[PDB]
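Inspection log for the structure reproduced underneath, given as structure tokens.
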Protein chains: 2
Amino acid sequence: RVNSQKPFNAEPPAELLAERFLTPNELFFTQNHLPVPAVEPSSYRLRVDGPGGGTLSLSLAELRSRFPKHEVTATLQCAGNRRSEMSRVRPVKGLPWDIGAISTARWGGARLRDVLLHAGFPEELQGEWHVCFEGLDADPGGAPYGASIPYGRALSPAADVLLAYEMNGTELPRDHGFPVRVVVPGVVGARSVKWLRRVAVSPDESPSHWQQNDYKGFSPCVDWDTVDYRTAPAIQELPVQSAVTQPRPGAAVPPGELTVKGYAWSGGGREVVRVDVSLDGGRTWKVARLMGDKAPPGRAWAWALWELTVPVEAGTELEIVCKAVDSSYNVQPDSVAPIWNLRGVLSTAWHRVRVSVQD
Amino acid sequence: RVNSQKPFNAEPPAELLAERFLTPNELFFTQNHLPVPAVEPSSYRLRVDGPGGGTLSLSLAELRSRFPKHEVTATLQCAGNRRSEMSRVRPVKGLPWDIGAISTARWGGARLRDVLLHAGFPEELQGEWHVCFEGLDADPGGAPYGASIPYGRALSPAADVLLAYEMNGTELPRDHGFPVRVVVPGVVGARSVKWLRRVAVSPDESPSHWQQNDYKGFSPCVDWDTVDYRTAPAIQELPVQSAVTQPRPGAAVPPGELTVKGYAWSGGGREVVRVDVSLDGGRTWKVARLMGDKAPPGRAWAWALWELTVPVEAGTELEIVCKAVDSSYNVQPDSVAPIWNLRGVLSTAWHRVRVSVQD
Ligand SMILES: Nc1nc2c(c(=O)[nH]1)N[C@H]1C(S)=C(S)[C@@H](COP(=O)(O)O)O[C@H]1N2
Ligand SMILES: Nc1nc2c(c(=O)[nH]1)N[C@H]1C(S)=C(S)[C@@H](COP(=O)(O)O)O[C@H]1N2
Ligand SMILES: [Mo]
Ligand SMILES: [Mo]
């Protein structure tokens, strides 16, 4: 489903979303704020500003040859995933994503860490420094999309941050950042800047509109007339999340057995340890089966698909609800109203799907 | 308020709990599962089993002198903090803690990292290894209290894991582990082993009763006849938590102005970025003022004391509720029933206090 044509925006339909662990490049949700650039490969150069005042300038061929390729399977979830659930409480501003503003791929590229060390930068710095990013895309005024991540993450081996030039074993597609994009695992999609042009180490966060004046969380009392983005931190790691892809709202399933399916995922490398599923509106719960493979501790970048086969009687009504729990034992809240915010981001309240069972 | 005298455990009353950022030693909550050992200081020796069978035997004096002392202000929260709230929904096995199984202190000691590096261990190990601890307290059959943490946390410089021999400037009180205990910042109280006698690296977790068969989160439908501690992970990092320490339930407060106060904290060094407070039972919220200085990122080991000074009208009834949000945007769930578990641990639903304003 496309909810914006210019600038483009697409989310896969639930029927396909959790059918595979690796979301095909053609299915992978697309979020573009600005016109997508047609980057000429030969002339493309990634600039990385040195510590003293220098500049590395790497061609695509250089980025591939001088740094050992590292592959990481990581799920990208946009901050507005499940925004429409929030819009139903009170209107919000933003694209009405449903449950598909999330996808997973095996990413291939150079470690940001290695590129930075290559440019002369050190393993750490006293104080809060940041690594900033600019895309080649730009508004008419010329301001480009940018984001940043704390330096410590940028430099950590374990955090697996990549400057990827491959996606599911093929070069990055145009809509997903060709020829290069940052992929920040366990972090909101907004920071994985596509069509990367520059990487700069700064003592301050990125001055870009989307780092500073967007993608933050506020109290549900905050409205447009009081919002102040200085009172909140930029979304980086995301909270624990889940949703039901099967069955679909209003479905009419046959009696006997029913296989409920969905996804679950948590930020900052935390694995999903359990997914509870209910069929009576959240009053009684059963444990779903997690499909997947344990990732190393603290490096659970990819979602977990789950399923549960369960008896269903003829003529009954169901309200299927799923909630997940991660390695830190963080949980999803019951309702949307108390996590409500004027931008409809950070929508993790329990997902609910009503269906009937045929006679 | 003592919940059991043999073995001992005590929690501070709420009106004292959050008066000071650092909780006074004679007030810091106490949880002992076994008789408190009496330790002669000169003859005490910490045993740390080395990589190829060597044994490092450290006296208290060597531990202080050979490794640079490091201070870390960290909050310990027991897994059963707020168990009674959960009990009341449906009975659970465990000491009936109210909101006080949590306390804060400036700890001083040798970094576990430094001790293991000295003992011959490397920075990292292939696969999952664990660092195990045994205390000097034992059951009649002689099995000691024990716990463990992943090797990666033990060797991480940012994780600030200590072999603490100081607490709020004085040496450890008996009940809190004299002469040495482990302090695992950002992690459940159970792993900070008191009266430490042994440190060992092992490919497996600690076989203690309280690492294998206690302190885990289960689905609400799990009962005693179905529970299986192999299906869940040991509690390490704790979820976001908060409570109201002032006013107290049943209070009749004077009209005009009321100052509501409490604490908020999250595991894993994740700072508390906001605390929402409601006076009308969660229907509307207001942002509290966070007292205390910010810690470095990823290193918020100490709670945030909060407060909200709000105008109140005579004759009105209030239902005070608080909820906190952490650096990962994790949140607390609305209700207790769906996070219910048979041991009454991981009680983080919103805390609610009923008071009224004098007529
Ligand atoms: N340069 C550039 N990078 C960007 C964006 C953008 O509009 N421009 N969108 C961001 C956000 S908000 C999202 S959710 C993800 C989505 O990437 P995808 O379209 O490849 O799924 O990319 C991020 N990278
Ligand atoms: N050796 C020893 N250490 C232990 C305990 C125990 O019974 N024995 N209890 C644990 C748990 S469950 C808690 S919550 C904390 C309590 O620490 P405190 O008594 O210093 O507050 O210590 C942990 N360390
Ligand atoms: Mo996004
Ligand atoms: Mo505990």
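Going through the structure tokens in order, the chains are called A, B, and so on, while each chain numbers its residues from 1 and the ligands are numbered from 1 in the order shown.
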
Q: Run DSSP on the backbone and grab whatever in segment 200-270 of chain A lands in strand (DSSP E); send it over as a PyMOL selection string.
A: chain A and resi 200-202+241-246+252-253+256-265

Keeping only N, CA, C and O atoms, write the selected residues to a file as an mmCIF file, in the first residue's frame.
data_model
loop_
_atom_site.group_PDB
_atom_site.id
_atom_site.type_symbol
_atom_site.label_atom_id
_atom_site.label_comp_id
_atom_site.auth_asym_id
_atom_site.auth_seq_id
_atom_site.Cartn_x
_atom_site.Cartn_y
_atom_site.Cartn_z
ATOM 1 N N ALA A 200 30.253 12.995 9.055
ATOM 2 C CA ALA A 200 31.033 13.955 9.817
ATOM 3 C C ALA A 200 30.932 13.772 11.328
ATOM 4 O O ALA A 200 29.871 13.581 11.880
ATOM 5 N N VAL A 201 32.064 13.835 12.002
ATOM 6 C CA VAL A 201 32.105 13.690 13.448
ATOM 7 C C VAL A 201 31.940 15.076 14.053
ATOM 8 O O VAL A 201 32.723 15.981 13.802
ATOM 9 N N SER A 202 30.904 15.237 14.852
ATOM 10 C CA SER A 202 30.630 16.506 15.409
ATOM 11 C C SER A 202 30.393 16.388 16.895
ATOM 12 O O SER A 202 29.957 15.356 17.375
ATOM 13 N N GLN A 241 7.861 -4.262 20.532
ATOM 14 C CA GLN A 241 6.750 -4.141 19.598
ATOM 15 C C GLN A 241 6.311 -5.490 19.051
ATOM 16 O O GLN A 241 7.116 -6.422 18.951
ATOM 17 N N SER A 242 5.034 -5.612 18.735
ATOM 18 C CA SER A 242 4.518 -6.812 18.057
ATOM 19 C C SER A 242 3.248 -6.502 17.305
ATOM 20 O O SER A 242 2.654 -5.459 17.498
ATOM 21 N N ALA A 243 2.867 -7.402 16.398
ATOM 22 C CA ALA A 243 1.604 -7.304 15.642
ATOM 23 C C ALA A 243 1.188 -8.642 15.003
ATOM 24 O O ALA A 243 2.004 -9.524 14.727
ATOM 25 N N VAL A 244 -0.098 -8.730 14.712
ATOM 26 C CA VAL A 244 -0.710 -9.881 14.155
ATOM 27 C C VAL A 244 -0.926 -9.669 12.652
ATOM 28 O O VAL A 244 -1.705 -8.819 12.225
ATOM 29 N N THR A 245 -0.292 -10.496 11.852
ATOM 30 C CA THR A 245 -0.471 -10.398 10.428
ATOM 31 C C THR A 245 -1.563 -11.349 9.925
ATOM 32 O O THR A 245 -2.149 -11.112 8.855
ATOM 33 N N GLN A 246 -1.828 -12.403 10.691
ATOM 34 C CA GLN A 246 -2.782 -13.404 10.300
ATOM 35 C C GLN A 246 -3.511 -13.949 11.509
ATOM 36 O O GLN A 246 -2.867 -14.416 12.424
ATOM 37 N N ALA A 252 -13.344 -14.104 8.487
ATOM 38 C CA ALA A 252 -14.295 -15.102 8.897
ATOM 39 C C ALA A 252 -13.581 -16.402 8.684
ATOM 40 O O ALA A 252 -13.388 -16.847 7.571
ATOM 41 N N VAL A 253 -13.122 -16.968 9.778
ATOM 42 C CA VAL A 253 -12.343 -18.178 9.723
ATOM 43 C C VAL A 253 -13.211 -19.396 9.963
ATOM 44 O O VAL A 253 -14.265 -19.308 10.614
ATOM 45 N N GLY A 256 -12.617 -25.112 14.119
ATOM 46 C CA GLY A 256 -11.600 -26.153 14.253
ATOM 47 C C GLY A 256 -10.316 -25.499 14.714
ATOM 48 O O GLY A 256 -10.209 -25.073 15.860
ATOM 49 N N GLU A 257 -9.357 -25.357 13.815
ATOM 50 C CA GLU A 257 -8.103 -24.728 14.192
ATOM 51 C C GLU A 257 -7.787 -23.506 13.394
ATOM 52 O O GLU A 257 -8.220 -23.337 12.248
ATOM 53 N N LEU A 258 -7.000 -22.665 14.035
ATOM 54 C CA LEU A 258 -6.651 -21.401 13.509
ATOM 55 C C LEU A 258 -5.202 -21.181 13.845
ATOM 56 O O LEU A 258 -4.802 -21.395 14.981
ATOM 57 N N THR A 259 -4.420 -20.769 12.851
ATOM 58 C CA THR A 259 -3.026 -20.454 13.069
ATOM 59 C C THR A 259 -2.834 -18.927 13.055
ATOM 60 O O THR A 259 -2.832 -18.309 12.001
ATOM 61 N N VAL A 260 -2.720 -18.328 14.240
ATOM 62 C CA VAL A 260 -2.472 -16.902 14.355
ATOM 63 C C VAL A 260 -0.982 -16.676 14.104
ATOM 64 O O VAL A 260 -0.144 -17.455 14.587
ATOM 65 N N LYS A 261 -0.647 -15.669 13.303
ATOM 66 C CA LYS A 261 0.762 -15.378 13.036
ATOM 67 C C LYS A 261 1.087 -13.902 13.095
ATOM 68 O O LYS A 261 0.219 -13.060 13.028
ATOM 69 N N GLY A 262 2.351 -13.586 13.292
ATOM 70 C CA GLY A 262 2.768 -12.201 13.348
ATOM 71 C C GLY A 262 4.256 -12.030 13.538
ATOM 72 O O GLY A 262 5.038 -12.980 13.361
ATOM 73 N N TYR A 263 4.645 -10.797 13.856
ATOM 74 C CA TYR A 263 6.039 -10.458 14.139
ATOM 75 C C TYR A 263 6.176 -9.824 15.526
ATOM 76 O O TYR A 263 5.199 -9.390 16.149
ATOM 77 N N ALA A 264 7.408 -9.773 16.009
ATOM 78 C CA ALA A 264 7.728 -9.101 17.268
ATOM 79 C C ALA A 264 9.165 -8.716 17.164
ATOM 80 O O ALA A 264 9.919 -9.400 16.519
ATOM 81 N N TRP A 265 9.535 -7.596 17.770
ATOM 82 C CA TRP A 265 10.891 -7.056 17.649
ATOM 83 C C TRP A 265 11.115 -6.032 18.728
ATOM 84 O O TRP A 265 10.138 -5.432 19.180
#

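Using only C-alpha atoms and all ligand atoms, residues with at least one atom at most 9 Å away from any atom of ligand 3 are residues 31, 32, 76, 77, 78, 79, 80, 81, 101, 188, 189, 190, 191 and 215 of chain A.
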
Q: Residues of chain A near chain B: apply a cut-off of 8 Å, count only C-alpha atoms, and supply the list as an MDAnalysis selection string.
A: chainID A and resid 217 219:221 232:233 235:240 267:268 273 276 282:287 296:297 327:335 338 346

Please produce a file of the residues just selected, as a compact mmCIF listing (two decimals), in the first residue's frame, where the atoms kept are N, CA and C atoms.
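This is the output file result.txt:
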# COMPACT_ATOMS: atom_id res chain seq x y z
N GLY A 217 9.53 11.82 21.35
CA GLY A 217 8.34 11.41 22.08
C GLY A 217 7.96 12.42 23.13
N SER A 219 4.68 13.65 26.06
CA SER A 219 3.58 13.32 26.91
C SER A 219 2.30 13.45 26.09
N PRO A 220 1.28 12.63 26.37
CA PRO A 220 0.01 12.81 25.63
C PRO A 220 -0.73 14.15 25.85
N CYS A 221 -0.31 14.97 26.81
CA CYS A 221 -0.92 16.28 27.01
C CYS A 221 -0.36 17.32 26.03
N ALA A 232 12.86 16.76 24.77
CA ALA A 232 12.90 15.29 24.58
C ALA A 232 14.10 14.86 23.78
N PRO A 233 14.52 13.61 23.98
CA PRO A 233 15.66 13.18 23.20
C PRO A 233 15.20 12.61 21.87
N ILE A 235 14.60 10.05 19.11
CA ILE A 235 14.42 8.60 19.11
C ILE A 235 15.64 7.92 18.54
N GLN A 236 16.18 6.97 19.26
CA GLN A 236 17.31 6.21 18.77
C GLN A 236 16.85 4.76 18.82
N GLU A 237 17.13 4.05 19.91
CA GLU A 237 16.64 2.69 20.09
C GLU A 237 15.10 2.73 20.26
N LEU A 238 14.42 1.71 19.75
CA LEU A 238 12.97 1.62 19.85
C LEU A 238 12.50 0.67 20.90
N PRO A 239 11.28 0.88 21.40
CA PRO A 239 10.71 -0.03 22.36
C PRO A 239 10.18 -1.33 21.74
N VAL A 240 9.94 -2.29 22.60
CA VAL A 240 9.46 -3.59 22.22
C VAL A 240 8.09 -3.43 21.55
N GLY A 267 14.16 -2.90 20.22
CA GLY A 267 15.34 -2.12 19.91
C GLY A 267 16.58 -2.45 20.71
N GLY A 268 17.70 -1.81 20.30
CA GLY A 268 18.99 -1.89 21.01
C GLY A 268 19.61 -3.27 21.14
N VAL A 273 11.79 -12.53 23.98
CA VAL A 273 11.85 -13.81 24.71
C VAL A 273 10.51 -14.49 24.80
N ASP A 276 2.87 -13.28 23.92
CA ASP A 276 1.64 -13.77 24.49
C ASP A 276 0.55 -13.46 23.51
N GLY A 282 -7.75 -10.04 25.56
CA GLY A 282 -6.68 -9.76 26.51
C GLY A 282 -6.94 -10.31 27.90
N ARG A 283 -7.92 -11.18 28.06
CA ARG A 283 -8.19 -11.68 29.40
C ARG A 283 -7.41 -12.95 29.69
N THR A 284 -7.22 -13.79 28.69
CA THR A 284 -6.48 -15.05 28.88
C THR A 284 -5.45 -15.16 27.79
N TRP A 285 -4.29 -15.72 28.10
CA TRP A 285 -3.17 -15.68 27.16
C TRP A 285 -2.55 -17.03 26.94
N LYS A 286 -1.95 -17.23 25.77
CA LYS A 286 -1.21 -18.46 25.50
C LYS A 286 0.10 -18.01 24.91
N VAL A 287 1.10 -18.86 25.01
CA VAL A 287 2.40 -18.58 24.52
C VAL A 287 2.53 -19.03 23.07
N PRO A 296 23.48 -13.53 18.83
CA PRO A 296 24.33 -13.42 20.01
C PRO A 296 23.70 -12.49 21.01
N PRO A 297 24.05 -12.64 22.30
CA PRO A 297 23.47 -11.73 23.29
C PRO A 297 23.71 -10.29 22.88
N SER A 327 14.51 -9.15 26.18
CA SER A 327 15.59 -9.60 27.08
C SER A 327 15.78 -8.75 28.33
N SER A 328 15.33 -7.51 28.26
CA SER A 328 15.32 -6.60 29.40
C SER A 328 13.97 -6.64 30.22
N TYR A 329 13.05 -7.51 29.79
CA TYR A 329 11.71 -7.72 30.36
C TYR A 329 10.83 -6.47 30.23
N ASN A 330 11.06 -5.71 29.17
CA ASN A 330 10.20 -4.60 28.83
C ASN A 330 9.01 -5.16 28.13
N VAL A 331 7.88 -4.48 28.34
CA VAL A 331 6.63 -4.95 27.86
C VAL A 331 5.87 -3.85 27.11
N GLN A 332 4.89 -4.29 26.33
CA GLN A 332 3.98 -3.38 25.64
C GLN A 332 2.82 -2.96 26.55
N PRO A 333 2.43 -1.71 26.48
CA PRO A 333 1.33 -1.24 27.29
C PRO A 333 -0.02 -1.65 26.70
N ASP A 334 -1.04 -1.58 27.54
CA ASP A 334 -2.39 -2.02 27.22
C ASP A 334 -3.06 -1.14 26.19
N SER A 335 -3.08 0.17 26.45
CA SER A 335 -3.83 1.08 25.59
C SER A 335 -2.99 2.15 24.91
N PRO A 338 -2.76 6.58 26.63
CA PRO A 338 -1.67 7.09 27.46
C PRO A 338 -0.31 7.20 26.77
N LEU A 346 5.88 6.01 17.84
CA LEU A 346 6.02 5.17 19.03
C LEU A 346 4.73 4.47 19.43

Q. What do you get for the Cα RMSD if chain B is superposed onto chain A using all Cα atoms in their order?
A.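 Between these identical-sequence chains, the C-alpha RMSD is 0.3 Å.
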
9 Å from ligand 1 is the threshold here; counting only C-alpha atoms and all ligand atoms, which polymer residues fall inside it? Answer as a short mmCIF file (atom, residue, chain, number, x, y, z; two decimals) with C-alpha atoms, in the first residue's frame.
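Contents of selection38.cif, freshly written:
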data_model
loop_
_atom_site.label_atom_id
_atom_site.label_comp_id
_atom_site.auth_asym_id
_atom_site.auth_seq_id
_atom_site.Cartn_x
_atom_site.Cartn_y
_atom_site.Cartn_z
CA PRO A 7 7.47 12.01 -2.12
CA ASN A 9 6.01 5.96 0.54
CA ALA A 10 4.97 2.28 0.46
CA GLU A 11 4.13 -0.36 3.07
CA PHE A 28 10.61 -3.89 1.80
CA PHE A 29 8.71 -0.75 2.99
CA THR A 30 9.90 2.56 1.48
CA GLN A 31 10.01 5.90 3.27
CA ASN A 32 11.29 8.87 1.29
CA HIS A 33 10.93 12.51 2.51
CA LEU A 34 12.45 14.06 -0.58
CA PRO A 35 12.82 13.28 -4.28
CA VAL A 36 14.93 10.17 -4.77
CA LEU A 76 14.26 -1.51 10.00
CA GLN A 77 11.20 -0.11 11.77
CA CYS A 78 10.03 3.38 11.05
CA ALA A 79 9.00 5.67 13.98
CA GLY A 80 5.50 5.95 12.52
CA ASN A 81 4.85 2.20 12.36
CA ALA A 101 6.28 0.14 8.34
CA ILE A 102 8.89 -2.49 9.21
CA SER A 103 11.01 -4.95 7.17
CA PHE A 133 25.09 11.87 8.07
CA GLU A 134 23.80 13.61 4.94
CA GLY A 135 21.95 12.10 2.05
CA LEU A 136 22.16 13.28 -1.55
CA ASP A 137 18.41 13.92 -1.49
CA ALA A 138 17.37 17.52 -0.82
CA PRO A 144 19.37 17.57 2.64
CA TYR A 145 18.06 14.77 4.81
CA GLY A 146 20.38 14.17 7.69
CA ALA A 147 20.62 12.18 10.90
CA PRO A 173 18.07 -0.45 -4.98
CA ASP A 175 14.53 3.54 -3.31
CA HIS A 176 16.61 2.00 -0.50
CA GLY A 177 19.69 4.32 -0.87
CA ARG A 181 23.20 3.93 3.08
CA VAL A 182 23.89 3.86 6.79
CA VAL A 183 22.20 0.91 8.46
CA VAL A 188 14.66 3.66 14.42
CA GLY A 189 14.69 3.77 10.61
CA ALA A 190 15.11 7.53 10.55
CA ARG A 191 18.83 7.33 11.33
CA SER A 192 19.75 4.84 8.58
CA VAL A 193 20.38 7.61 6.06
CA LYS A 194 19.99 6.65 2.40
CA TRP A 195 22.09 7.96 -0.52
CA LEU A 196 24.91 8.82 1.79
CA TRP A 210 14.47 15.23 11.31
CA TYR A 215 10.86 11.97 15.66
#

Could you pull the residues within 8 Å of residue 13 of chain B, counting only C-alpha atoms, minus those fewer than 4 positions along the same chain, as a short mmCIF file (atom, residue, chain, number, x, y, z; two decimals) with C-alpha atoms, in the first residue's frame?
data_model
loop_
_atom_site.label_atom_id
_atom_site.label_comp_id
_atom_site.auth_asym_id
_atom_site.auth_seq_id
_atom_site.Cartn_x
_atom_site.Cartn_y
_atom_site.Cartn_z
CA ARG B 1 9.04 -2.43 57.80
CA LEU B 17 12.55 6.20 50.63
CA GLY B 100 10.53 0.01 48.69
#
